[PDB]
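# A structural walkthrough
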Amino acid sequence: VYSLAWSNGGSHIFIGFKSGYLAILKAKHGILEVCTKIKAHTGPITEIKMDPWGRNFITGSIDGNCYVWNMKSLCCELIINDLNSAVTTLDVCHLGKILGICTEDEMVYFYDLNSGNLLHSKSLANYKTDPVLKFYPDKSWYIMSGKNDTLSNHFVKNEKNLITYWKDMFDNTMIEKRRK
Amino acid sequence: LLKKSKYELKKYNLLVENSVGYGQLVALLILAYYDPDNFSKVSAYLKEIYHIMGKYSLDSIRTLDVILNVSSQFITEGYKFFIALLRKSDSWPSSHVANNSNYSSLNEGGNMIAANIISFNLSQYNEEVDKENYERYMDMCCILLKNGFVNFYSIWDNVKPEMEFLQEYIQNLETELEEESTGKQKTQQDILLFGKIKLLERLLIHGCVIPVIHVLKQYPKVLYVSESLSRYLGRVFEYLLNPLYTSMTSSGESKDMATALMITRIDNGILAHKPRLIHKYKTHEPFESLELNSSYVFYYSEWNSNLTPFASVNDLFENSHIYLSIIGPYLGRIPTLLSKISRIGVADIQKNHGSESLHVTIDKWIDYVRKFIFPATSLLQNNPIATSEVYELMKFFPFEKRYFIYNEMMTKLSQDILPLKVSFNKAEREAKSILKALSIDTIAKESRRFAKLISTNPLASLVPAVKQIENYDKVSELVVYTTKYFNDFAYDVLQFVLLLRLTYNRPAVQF
Amino acid sequence: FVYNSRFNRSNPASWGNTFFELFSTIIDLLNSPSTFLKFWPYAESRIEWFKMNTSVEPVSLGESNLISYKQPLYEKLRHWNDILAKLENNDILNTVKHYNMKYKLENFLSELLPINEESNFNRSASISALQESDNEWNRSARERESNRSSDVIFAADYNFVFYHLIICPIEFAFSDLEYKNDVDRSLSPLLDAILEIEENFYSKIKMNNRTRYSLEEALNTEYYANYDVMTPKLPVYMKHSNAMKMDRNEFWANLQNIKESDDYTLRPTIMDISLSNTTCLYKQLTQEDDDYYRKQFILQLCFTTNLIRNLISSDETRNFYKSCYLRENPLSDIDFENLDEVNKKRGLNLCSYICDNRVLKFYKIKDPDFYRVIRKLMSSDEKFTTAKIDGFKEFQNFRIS
């Protein structure tokens, strides 16, 4: 057993094995029985995450492979074409829009969850880390590990969300249209 | 002067002949869409329209044009007032009402004066104003086709381009595909944005299946014009399939309604728990979405009232000869629909295990999976998960009838369908580019690139790989290293290719 | 009985002239507009019997064998155009059943004839001179001597632009320079007096629902909000309340029983602007509560400014109005004959200033729904003007299956 996760309600458990199987098993009051068993990847399932809106969930593996499975029909929905290396850590935002993948090429990416397009990409090659992305749970900042040897920096702004950033970019443009 | 003041009808056909009489007609229609009370006083707005265009002698053709032109700006919220207004006026076909839901009555129509204004107005897309109002006007004309206000073939025949001009542009495009399988640029961007092709997919978004089945059965290469025609027809087939798929995976999918919920937001005043706040908007895009705080829905919620979701397995086998034969090898553009039909098959073999009706149940799923599931698997680009779901249905088969399907799809590749032949020639061109730059230092990351190409379609990509093993040395140690990332489908095809090269007709012994 | 026994005639063409002859006997012998609307449902359901002219088999749908100068419709269309002009002359004694009879009869002749019949689409384009939103019985003595208030100089300035810019635009374009400065000296105070009191109507809607969007953000301080400034269809307490719906629907239900009775059958239109009464004209266009009387004046001014642009610049539209003024009187006292080139450049500046700079840029921000209705009726008027020059010959290629 490599990784585990709780669902957002707290009644199912997702278990990721070494052979690539993914088991989903109930926890009702005290019973612990197996509901389904699908074969997801050809390799150890590294990390499992959940959408904060409860729509889908994301799995990563030791091939360059990262799916987005929706939670109603339990079928794959979007596939990220990430043929570089093995995904090590994996996390989402709290609005549920940014997806941070960090592979074993020592490079971090940033995608969308609705589409599968790329937003940004930083390369951190001179370090000897296993670098850890982590997003804050209440505001849209993140703490990326590894600055020199094994460290932790965190990346801030003056606005908390993306929604209070668009709302400030709108009101600064509006002054110029109220200027002309 | 004889046929001007004795025979000419005294009516006013333009918006300048009565600026006073047409100015009160528009302002009465602006007012009618701002009432809370709009269904109790429908007949109080008609009797004020007939008193306006009797007092000022307004035309009866230009007036119905102004009503359809103002009511297309307000079609997102009020489309039940606009339908209930037209059903009480004296321009509704009372005895010619004939429907587009039948197959013999797409010529028996009603109100050919309104069919003369609609098809004239869908044909104008050259100015910068009516390129932005085209999606609202075209969406209004598809609610009038559902109800039986206009005939279907009266719009299809008389809207631009022409069916002789459409048929020569397809054949110019089919030639461009056969060259890769081994004035116009501004016109083609006006074919797939406006006209017949845009009309054919707004009808399939809203509800209309019978006029679209009848067109694509006549001209089956109306596909290869847009890749949207196979997406929106997979939105209709996935609505009919979905009550069945939830019941076949019975206990699991019924509680999956409760597993989809989100996490509350927890602030640290008293450490309390509050839910998340969103707000709805009704848009014109068919697919449901959710942005940072806004969720979007389709505005026309009665789009699925003529359809009926079918029963268990005997109705799926009848309704798939109609829908799934139109998009033949194009079901692989909707990979989530190819994964849903394959789980109906595994769940039906296992529940009908028994001991009596099992050799009959397998045979019914042999002919289904080889007519229109295995051709769809070959038009796939990078989907190792969509191909594993198909193979878990083919694990229940004897291996003789699994080797029949593999060889035939290398024989009716070329002699038969074109979109399968362009796909096989893209995998062979990509497998022959990896194998040339295959060194012992580059297999850290070219092992993962090569193993998704094999896992998606092996029959195109494995055959140039074992043909470059018996030619040069030092490539057995590289291909066996890549085999740790295969799936169970590419392990069963590799045994078939090796049995193909050993019995292949060649001089075994040297001279 | 005339239609059913048409094979047993000695001629299958001798019933097409008998059916139009007996139908014109019924319309003369029928004595009232109340009995006309009682009978006319007979003549609307049996409308495909009128098109099959001297043929025993019915026409399909959309086809009609009726041309306007042949034996059925040669002496009947001359006779049904007298009733339709008899009913137009009494513009004082017309009830609301006289205006419903004029609609149901003129609509009948339009469906009978094809869409391309030379006497069907008003081929010689004549702008009406009888567009009169005026009551003589509401007018006493037409006083012009007590010119004190602003009520009598605003309403004497609306009545100046109306009688020779809007009802006659062709005499504005081809005119002198001293004639089109007298309009500009009457339109620049008028258009500034209206667009100021429509800036205060749209600033009570903007400041109502911007404070309570600043009040969502404080009370439940979990979620920010930028919505649009729209029509909040019913607030929260008028949405679901059957005590407020049921007494409101029985107010509209006895406002219709006044307008359905046979007593108040002589009344103006609901959207009507007064012209005689100088007090009510200032009281309709200044109240910042209704704003459906200041939208008619914008629509009336965008319809007849779009023509001055199209008729000065283009020279096939200018050549089409040549034939319609030289055919009706060749010895013409009204004259348009030449370029008028300084009035071409000056008159084209009274176009882009009115409907391109002042009007459309005002509503681009304030009211986005009304901005698209103006913008689309401008462009759809040019597809119909251009097709009139040809002779409506892009409506004859309609095919039937």
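Each value, and the rule that gives it
Residues numbered from 1 in each chain as written, not as in the entry; some residues may be left out. Chains lettered and ligands numbered in written order. Part of a larger assembly, values for the part shown. Heavy atoms only, no water. UniProt positions renumbered as here; feature names shortened; annotations may be inferred. Helix = DSSP H or I, 4+ residues; strand = E, 2+ residues; numbered from the N terminus. Rg over C-alpha atoms; globule rule 2.2 N^0.38 Å. Buried < 20%, exposed > 50% of the residue type's maximum accessible area, 1.4 Å probe, protein only. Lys, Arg positive; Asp, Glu negative; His and termini not counted. Charge placed at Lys NZ, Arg CZ, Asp CG, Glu CD. Expected span 1.5 Å × (residues − 1). Axes fitted to C-alpha atoms, helices over the stretch in contact; angles between N-to-C directions. Parallel < 35°, antiparallel > 145°, perpendicular 65-115°, else oblique. Left-handed = near helix turned anticlockwise from the far one by under 90°. Contact = heavy atoms within 4.5 Å. Nonpolar A, V, L, I, M, F, W, Y, C, P; charged D, E, K, R; others polar. Buried area = accessible area lost by both parts, 1.4 Å probe. Salt bridge = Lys/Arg side-chain N within 4 Å of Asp/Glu carboxyl O. Pairing = 2+ DSSP bridges. Polar contact = N/O pair within 3.5 Å; in protein donor to acceptor, adjacent residues only side chain to side chain. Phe/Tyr/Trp six-rings, centres within 6.5 Å; stacked < 30°, edge-to-face > 60°. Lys NZ or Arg CZ within 6 Å of the ring centre and 35° of its normal.

As recorded in the PDB header, cryo-EM is the method behind this entry, and the stated resolution is 3.2 Å.

The name that the PDB entry assigns to chain C is THO complex subunit HPR1, with the source organism given as Saccharomyces cerevisiae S288c. Per the PDB record, the entry is named "protomer structure from the dimer of yeast THO complex". Its UniProt record gives chain C the following Subunit comment, quoted word for word: "Component of the THO complex, which is composed of HPR1, MFT1, THO2 and THP2. Together with SUB2, TEX1 and YRA1, THO forms the transcription/export (TREX) complex. THO associates with DNA and RNA in vitro." Looking at chain C in UniProt, the text filed under Subcellular location is "Nucleus".

Under the PDB entry, the name given to chain B is THO complex subunit 2, and the source organism is Saccharomyces cerevisiae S288c.

### Observations concerning the overall build of chain B
From N to C terminus, chain B includes 27 helices and 5 strands. The C-alpha radius of gyration of chain B comes to 30 Å, more than 25% above the 24 Å expected for a compact globule of 511 residues. Projected onto its principal axes, the C-alpha positions of chain B cover 105 × 75 × 55 Å. Taken over 511 residues, chain B has a buried fraction of 57%. Between the centroid of the 56 positive side chains of chain B and the centroid of its 56 negative side chains there is a distance of 2 Å.

### Structural notes on helix α17 (residues 335–351) of chain B
End to end, α17(B) covers 25 Å across 17 residues, agreeing with the expected 24 Å (1.5 Å per residue, within 8%). Taking burial as the measure, the 17 residues of α17(B) include 13 buried ones, the bulk of the element.

### Re the packing of helix α22 (residues 418–434) of chain B against helix α23 (residues 446–456) of chain B
Residue and element names in this part refer to chain B. Axis separation between α22 and α23 bottoms out at 11 Å; the angle between their running directions is 155 degrees. Judged on the interaxial angle alone, α23 and α22 are roughly antiparallel. Crossing angle aside, the handedness with which α22 passes α23 is left-handed. In this structure, α22 uses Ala 427, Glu 430, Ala 431 and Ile 434 to contact α23, whose residues at the interface are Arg 449, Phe 450 and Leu 453. Of the residues contributing to the contact of α22 with α23, the split by class is 5 nonpolar, no polar and 2 charged.

### Overview of the interface of chain A and chain C
Chain A puts 6 residues into the contact, and the matching count from chain C is 6 residues. Together chain A and chain C conceal approximately 480 Å² of surface at their shared face, both sides included; 63% is due to carbon and sulfur atoms. Broken down residue by residue, the surface that chain A buries against chain C is led by A:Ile163, A:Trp166 and A:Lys167, which jointly contribute 58%. Viewed at the interface, chain C and chain A are joined by 1 salt bridge. Linking A:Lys167 and C:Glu217 is a salt bridge whose minimum nitrogen-to-oxygen distance equals 3.6 Å. Grouping the constituent residues of the side of chain A that touches chain C by class yields 3 nonpolar, 1 polar and 2 charged.

### Side note on the sheet that holds strand β3 (residues 279–283) of chain B
All names here are of chain B. What the 3 strands build is an open sheet, ordered β3-β5-β4; its pairing is mixed. Only two strands of the sheet have a single partner each, and these edge strands are β3 and β4 (289–290). The pairing of β4 with strand β5 (residues 294–298) spans 2 bridges and is classified as antiparallel. Residue pairing in the sheet places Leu 290 in a bridge with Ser 295 of β5.

### A word on the interface of chain B and chain C
With 76 residues of chain B at the contact, the number on the chain C side is 89 residues. In this assembly, chain B packs against chain C so that about 8,200 Å² is buried in total across both faces, 57% of it on carbon and sulfur atoms. Contact with chain C buries surface across chain B, with B:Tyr7, B:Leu9 and B:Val16 losing the most and accounting together for 9% of the total. Summed over the shared surface of chain B and chain C, the result is 5 salt bridges. Taking the shortest distance from any N to any O, the salt bridge between C:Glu260 and B:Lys47 comes out at 3.3 Å. The interface formed by chain B and chain C contains 18 residue pairs in polar contact. Listed by contribution, the elements that provide at least two residues to the side of chain B that touches chain C are α1 (2–5), α2 (23–32), α3 (43–55), α4 (61–70), α6 (115–121), β1 (265–267) and β3 of chain B.

### Here's the deal with the packing of aromatic side chains
The tally for this structure, following the rule as stated, stands at 74 aromatic pairs over all chains. A ring pair is formed by C:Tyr223 and C:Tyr224, whose centres lie 5.1 Å apart and whose planes are at 55 degrees; its orientation type is tilted. No difference in accessibility class separates C:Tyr223 from C:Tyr224, as the two residues are buried. Among the aromatic residues, those joined into a ring-pair cluster are C:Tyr3, C:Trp15, C:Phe19, C:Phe20, C:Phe23, C:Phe36, C:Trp40, C:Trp49, C:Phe50, C:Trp80 and C:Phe108. When the ring centre of B:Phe298 is taken as reference, the NZ or CZ atom of B:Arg235 above it lies at 5.7 Å. Here B:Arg501 stacks its cationic end above the ring of B:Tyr504, 5.2 Å away from the centre of that ring.

### Brief notes about the pattern of salt bridges
As enumerated under the stated definition, the model contains 33 salt bridges over all chains in all. As a salt-bridge pair, B:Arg506 and B:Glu470 come within 2.5 Å of each other at their nearest N and O atoms. With a gap of 36 residues between them, B:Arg506 in the segment after α27 (488–502) and B:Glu470 in the loop between α25 (463–466) and α26 (476–482) connect regions that are remote in the sequence. On the accessibility criterion, B:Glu470 (41% relative accessible area) is partly exposed. Measuring nitrogen to oxygen at the nearest pair gives 2.4 Å for the salt bridge that ties C:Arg358 to C:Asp192. Here C:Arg358 is found in helix α18 (residues 349–365), whereas its partner C:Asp192 is found in helix α8 (residues 184–195), with 166 residues between them in sequence. One network of salt bridges, with partners in common, ties together C:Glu198, C:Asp291, C:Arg294 and C:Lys295.

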